[PDB]
Amino acid sequence: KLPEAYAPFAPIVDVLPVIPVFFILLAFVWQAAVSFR
Amino acid sequence: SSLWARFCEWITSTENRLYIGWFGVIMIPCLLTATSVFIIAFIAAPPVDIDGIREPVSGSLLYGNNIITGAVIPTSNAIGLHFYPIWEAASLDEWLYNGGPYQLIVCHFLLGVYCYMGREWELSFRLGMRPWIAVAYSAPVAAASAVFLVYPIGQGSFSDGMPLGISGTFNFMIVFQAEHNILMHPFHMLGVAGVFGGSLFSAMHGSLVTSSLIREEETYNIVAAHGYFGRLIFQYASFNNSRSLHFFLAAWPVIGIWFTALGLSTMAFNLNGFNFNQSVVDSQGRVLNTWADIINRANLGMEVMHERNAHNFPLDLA
Amino acid sequence: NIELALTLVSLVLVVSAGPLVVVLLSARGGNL
Amino acid sequence: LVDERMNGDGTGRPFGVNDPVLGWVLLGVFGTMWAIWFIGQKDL
Amino acid sequence: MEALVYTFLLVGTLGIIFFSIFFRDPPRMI
Amino acid sequence: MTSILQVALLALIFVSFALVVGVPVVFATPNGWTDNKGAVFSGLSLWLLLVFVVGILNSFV
Amino acid sequence: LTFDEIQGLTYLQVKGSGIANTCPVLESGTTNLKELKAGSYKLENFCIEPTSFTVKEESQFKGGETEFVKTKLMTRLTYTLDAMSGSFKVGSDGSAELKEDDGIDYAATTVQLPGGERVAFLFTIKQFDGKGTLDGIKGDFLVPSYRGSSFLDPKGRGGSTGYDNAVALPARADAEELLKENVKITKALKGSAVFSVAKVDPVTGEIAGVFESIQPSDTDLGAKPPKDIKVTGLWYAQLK
Amino acid sequence: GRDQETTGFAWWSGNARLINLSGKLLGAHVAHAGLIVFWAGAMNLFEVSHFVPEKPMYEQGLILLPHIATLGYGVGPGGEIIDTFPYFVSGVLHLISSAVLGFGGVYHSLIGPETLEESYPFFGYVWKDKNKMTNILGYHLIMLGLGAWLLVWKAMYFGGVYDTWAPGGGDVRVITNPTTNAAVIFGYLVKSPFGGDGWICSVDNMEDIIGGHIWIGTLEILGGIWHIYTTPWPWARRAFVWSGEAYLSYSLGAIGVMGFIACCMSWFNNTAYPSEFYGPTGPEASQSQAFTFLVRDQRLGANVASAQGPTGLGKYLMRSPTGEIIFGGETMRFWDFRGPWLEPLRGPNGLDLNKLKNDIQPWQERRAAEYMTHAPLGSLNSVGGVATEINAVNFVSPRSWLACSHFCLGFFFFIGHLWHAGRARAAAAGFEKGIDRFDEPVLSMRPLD
Amino acid sequence: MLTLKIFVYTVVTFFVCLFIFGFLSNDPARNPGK
Amino acid sequence: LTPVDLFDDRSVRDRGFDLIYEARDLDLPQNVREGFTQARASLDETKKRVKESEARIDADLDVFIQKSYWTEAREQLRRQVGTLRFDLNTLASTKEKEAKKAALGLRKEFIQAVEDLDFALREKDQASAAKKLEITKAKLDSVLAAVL
Ligand code: CLA
Ligand code: CLA
Ligand SMILES: CC1=C(/C=C/C(C)=C/C=C/C(C)=C/C=C/C=C(C)/C=C/C=C(C)/C=C/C2=C(C)CCCC2(C)C)C(C)(C)CCC1
Ligand SMILES: CC1=C(/C=C/C(C)=C/C=C/C(C)=C/C=C/C=C(C)/C=C/C=C(C)/C=C/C2=C(C)CCCC2(C)C)C(C)(C)CCC1
Ligand SMILES: CC1=C(/C=C/C(C)=C/C=C/C(C)=C/C=C/C=C(C)/C=C/C=C(C)/C=C/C2=C(C)CCCC2(C)C)C(C)(C)CCC1
Ligand SMILES: [Cl-]
Ligand SMILES: [Cl-]
């Protein structure tokens, strides 16, 4: 488990690992706003 | 002119009835070697102890067997993944008894199919064609590699490799599901979709073009010229581009076969398909059986039977 | 369930960050 | 023992060379081929 | 002699493939 | 103290999220970086400073 | 390779060499056997390396006498009995008793005789009770069934575990096929072995010599008649 | 940004519009590095948070922590995890580092110049400029050499890597005599990939591992200096395609092979991948089962030495085709397996039934029993079990995950090599787009048949 | 059977050499046109 | 038709017959399954095992080195001596402050010696192994004096 001081921050660390997969999705979103020039 | 240069030309010569190439230089001999041994083995090869239990399974048309039953017995389990060159065998008879031909054929065959892929690109570059025909041929080659190399390696024996025969292929498929539940593997599902879909697309594309060119004109130029597009059931514009349609005609089947091949490779590392046995439970805990459980019942039967005398311990970790 | 609740709160804020940047940039005629 | 075998299987011999001849032939064949390639088309 | 019959069939099929590649009708058409 | 490190870590998280959205905006904003780069530097300096504080707090916690 | 020489080599150095399928050689010691003190000694590290496997076979002529014929081993090595412990004694006279107790006393071996016929046999001296002189210690040994009762045939019919009937042909499930179905006889047979001490190393308490044994071949659980297999080779043991 | 009308590449090939944009290309690569470092840090902290000291790491589906544990961090005698804070430090460091790389990439992708050659000549580079390309390779070659030497330093200094084969028990050991003999270091390279030889996967001693990294470290640094002060020779220029896609295809092909090798390493090697943290290997699990029953039956009163099986090839023990005494059963295929728990009972000739009869230590049993249960066999839904098993155990060997994932990665990257390489060669020729419709080569070729 | 090994080893080397040296023979110039 | 023969093997459980089953009980903590907790709990049992390892290191091993039985000597190390490191650690843990620290220091100096001797066996150097073994014996005796 995370140190006691960093324990209250467990929920955040549970969401961090999935952040990278969102970046590729954001790319397609940007192209959508760009209208896929 | 330097003779080596002269030779290099003849090798890259396009005037050859069958384009030879630097890849062919290695492909031709390897495949010729595998074909010769395969023909002699499928006809006169003596029995082989595939299970390494001193129980030799008969093979070749001479030793009984038949076109359907006949097959090239995989190498003995005793050898495992060890290299078994003819010269390593004390006598050619031992090489046949241990199941050496199978290893030799597979080795001289896989190299050939890989070189066949390279030869495809070689001619495409020589003719001035795009270089992705081989990528499509990579899908079948990948599948063959998994059944004749990746899986044998993952399991830890060439005996696990698919036998070079009709009945042997069926045996390999059955035991595989009994131990990996390939049917419940999402990748195998993609592969089945690829072949089932590929057949559907092939039948439709063939029918559309045939009905059109029924008469050099574009595959559908005729129907397009009439303008009576069947958008009634073909209400779409994604494949209006012939290049777009043909691309899909290649992507769908190839990508599917790639997944099924990778699926087989993953299962070769003991990554079996979804296991939902006893997943549905009632309030008090009684197990409510499902179709999955019924499939498991069959898998158990194949498991308890496969290698009747080749298991001295309960768990089949191997 | 407080941990799970604040976990979902974090997921919402983080996931909304990327679209937030785009929407804002698009709104102010940014270089997107 | 009852029979004679190379006894090379399982041994990690470089390029499966269990006899000096094997090693010499491999280098010799490559050297001749290199000479032909270099003479036919100089490398550098 | 069933094996002899089987070998004949296999050999015959291969022979057809042979002529189908080297003794095939010249592809005058594209 | 645990509270000091936790509070400081929370502050770093807030500053981080601000930069996560603010930096890309300023960078892609027409003439929004040449005039706001200094403000970005101020925010970036605070973020790195908070990182150091959290680390020091860890040793004293 | 003497026992100590083998001990010096690591498993990896021995792995792939094949020396593991070879009994240690008593290079030291004396050819004389008189020095061998009279008494009972633990037959530890008893190894039997078969030099040759001959199978008795009628001469070419239909009535040709059945003589042992040369054969070619099909099973890569894996035929040297080793790590066998037993009881060996010697009297003031030539009286010598060699009794095998446990260890790798058995070793399945499939050899091909001239004519492409593979004859499988379980090379073994289980329960050997030799009681001849220091040389020619004649004795008899057990020859357990090559296959166990559990062993199932291709048809699935077997001894303790098996169909016992030709399930394939329902109408002919039970008939003259009885010899092959519901038989699966696993009764053990007997074989004769003779051992002779070529040399004795009194200082190291190690003995080595030649062995000769004729044992029945596999009977396919009674499906086929057994065939005499004459196995001759060298034996090494440490009397400690 | 950019549009297809000005690049000829559609949105699905947008990153291909950055080939000649050195500045933007820098941002893209730098940013991607941020993503990699991010996951390394994020997942590590996630594992640390989801870690429990009552279970082995392999049972907890942890993949990153085993790596740090092998480096000899927060581990103790027997592989027991003493503390996890070192692992937390690694996650925090990587996570914060990823921020720096992320900012650099974003900057070099937005504010940064699309090209650098015009402003920063050193960074400025043009595909085909072999001299510059070789120099760039040199810089990175030196970097990798330094990284390998950092590992070598950790082995002989700043503590030591965990040695599963450590004398008197497995624990971290400071390598003091790393193998530098070229014959031993390069022997693995010329070893057959078949069974027994196991090519480089056979490495079982940390001394060779550290010594091998010493060799690769030096060669890479020297090679970098060479490529930094040398330009491709005529033979090379006449036998290679000089283009960005061609250079990428070369890397794709190489990294693809490396992926396959890594898969085999994780599935077969137990030294570089301690079974204590990564769990038992396929062969290890099989041998463990044979040992478990052999011990149990022997205690019940069975002579495993003279125990003929149904086939008659020995129920518990038998002889390898080579001659070495090996465990009986289908595990005969894994007779070449070597584990720190089985070596003590082995000897010059295969196993030593003497040790098997007496001297079998309790740990040798407990370890085998645990490995047998935690075999690599598993399902996609993580239902631990050989197969045809009920949904009761939730475990999939980390080795299985790494082996399957990296194999698939290697396969795709090899396909990428074929795609990029072929396109690069076609591009150079000029027929990448298609046939001229006026200079069709076939029309000028012999009518063949 | 070493003679068989020596022969195979030579045969293999020869074909492999042809492939390597063959591609070294300015293969990229085999393009139909440019 | 014969009744299945029955044998009184209740003594097997006494001779660690449930070791495998206990190690395979996932419900038990990993330390319990490995037996680490049990040993740490049984001080006398741990101390005994330590003395057994001492005998193997002292009144043994030298034999193989004399006859160049490297395989056996290297296997002599580990095996029963395999737990020695864990054993010495828990005994030192019994100590406190400086006592524990000093004991751990002796444990480390000994562990280093056993590795030096093992490397000598790896290089099959009898002379180095002989002298190295003597050094290892002294180191162990020092650690034993502190841990015991
Ligand atoms: C590793 C993933 C990755 C990366 C690093 C890049 C990087 C890049 N792409 Mg790209 N792209 C990707 C994936 C990726 N792409 C995918 C999957 C697709 C297919 C949909 C595309 C399709 C695509 C096209 C069609 C184009 C690019 C272009 C570009 C370049 C400039 C982008 C632009 O012009 O406007 C920038 C975009 C934005 C400003 C919108 C938001 C992007 C920001 C920078 C992301 C930051 C997120 C993060 C939370 C910020 C952290 C801040 C920090 C303080 C924490 C740039 C170097 C353009 C180009 O240069 O062509 C020559 C272009 O035309 N891409
Ligand atoms: C570091 C490796 C690498 C790099 C730098 C590139 C770079 C490039 N590739 Mg490429 N490729 C690679 C690996 C790589 N590739 C591999 C391994 C394969 C085999 C699958 C391919 C197959 C491939 C094809 C078929 C094509 C390219 C193309 C391109 C160019 C267009 C970029 C683009 O699509 O714009 C923007 C980025 C995108 C549109 C990507 C969209 C995001 C993808 C589709 C989602 C995939 C998510 C994935 C499932 C997550 C799991 C990944 C992994 C764990 C399995 C570009 C320069 C195109 C080209 O024309 O070449 C010049 C093209 O046709 N590549
Ligand atoms: C680490 C950390 C940080 C940071 C974080 C982050 C990084 C955030 C952001 C994140 C992100 C980055 C987000 C984003 C995501 C994405 C999204 C949200 C999208 C989605 C989309 C969809 C779902 C759809 C799509 C589509 C379209 C629209 C187009 C076409 C294609 C498709 C169909 C696909 C913080 C501050 C917390 C602090 C602490 C630490
Ligand atoms: C260019 C572009 C792109 C993108 C790119 C990218 C990918 C970017 C990224 C970048 C990045 C890469 C970012 C990141 C960030 C992160 C961060 C910033 C972090 C932070 C951290 C913190 C704040 C802290 C935390 C903590 C610790 C460590 C301790 C414990 C607790 C906690 C966890 C809380 C795209 C695709 C759209 C396309 C278009 C263009
Ligand atoms: C660390 C360590 C170590 C070491 C390792 C090593 C030493 C590695 C290296 C490896 C290597 C050594 C790599 C390299 C690679 C390279 C290659 C493999 C080559 C390739 C080539 C190419 C790719 C080319 C081709 C071609 C031809 C020739 C013809 C024309 C065309 C072209 C040019 C394309 C050891 C073992 C102790 C283990 C432990 C750890
Ligand atoms: Cl079967
Ligand atoms: Cl088994």
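Following Swiss-Prot, chain B residues are numbered 11-225, 242-344, in order.
Every residue, even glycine, has its Cβ placed from backbone N, Cα and C.
Per Swiss-Prot, the features are as follows:
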{"type": "BINDING", "residues": "B:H118", "note": "chlorophyll a ChlzD1 binding site"}
{"type": "BINDING", "residues": "B:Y126", "note": "pheophytin a binding site"}
{"type": "BINDING", "residues": "B:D170, B:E189, B:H332, B:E333, B:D342, B:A344", "note": "[CaMn4O5] cluster binding site"}
{"type": "BINDING", "residues": "B:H215, B:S264, B:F265", "note": "quinone binding site"}
{"type": "SITE", "residues": "B:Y161", "note": "site 'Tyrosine radical intermediate'"}
{"type": "SITE", "residues": "B:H190", "note": "site 'Stabilizes free radical intermediate'"}
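In this structure, B:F265 (quinone binding site) belongs to neither helix nor strand by DSSP; it is coil. If you take the C-beta of B:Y126 (pheophytin a binding site) and look for same-chain residues 6 or more apart in sequence within under 8 angstroms, you find B:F33, B:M37, B:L41, B:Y147, B:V151. The recorded positions close to B:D170 ([CaMn4O5] cluster binding site), defined as a CA atom within 10 A of its CA, are B:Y161 out of B:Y161, B:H190, B:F265. The residues near the quinone site, meaning same-chain residues not in B:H215, B:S264, B:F265 whose C-beta sits within 8 angstroms of the mean position of the site's C-beta atoms, are B:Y262, B:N266, B:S270, B:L271, B:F274, B:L275, in sequence order. Across the fold, the C-alpha of B:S264 (quinone binding site) and the C-alpha of B:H190 (site 'Stabilizes free radical intermediate') stand 39 Å from each other. Here the recorded positions are B:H118, B:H190, B:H332, and the one ringed by the most other CB atoms within 10 angstroms is B:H190. Reported as a whole number, the C-alpha separation between B:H190 (site 'Stabilizes free radical intermediate') and B:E333 ([CaMn4O5] cluster binding site) equals 16 Å. Closest in space to B:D342 ([CaMn4O5] cluster binding site), of the recorded positions given as B:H118, B:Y161, B:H215, B:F265, is B:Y161, taking the CA atom of each residue. With a cut-off of 8 Å between CB atoms and residues at least 6 apart in sequence, the same chain places B:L271, B:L275 near B:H215 (quinone binding site), listed in sequence order. Here the recorded positions are B:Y126, B:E189, B:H190, B:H332, B:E333, and the ones sitting under 8 angstroms from chain H, going by CB atoms, are B:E189, B:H190, B:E333. Cβ packing within 10 Å was compared across the binding-site residues B:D170, B:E189, B:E333, B:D342, and the lowest neighbour count falls to B:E333. Across the fold, the C-alpha of B:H332 ([CaMn4O5] cluster binding site) and the C-alpha of B:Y161 (site 'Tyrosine radical intermediate') stand 17 Å from each other. Straight-line distance linking the Cα atoms of B:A344 ([CaMn4O5] cluster binding site) and B:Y161 (site 'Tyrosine radical intermediate'), rounded to a whole number, equals 12 Å. If you count neighbouring Cβ atoms within 10 Å for each of the recorded positions B:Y161, B:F265, the highest count belongs to B:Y161.
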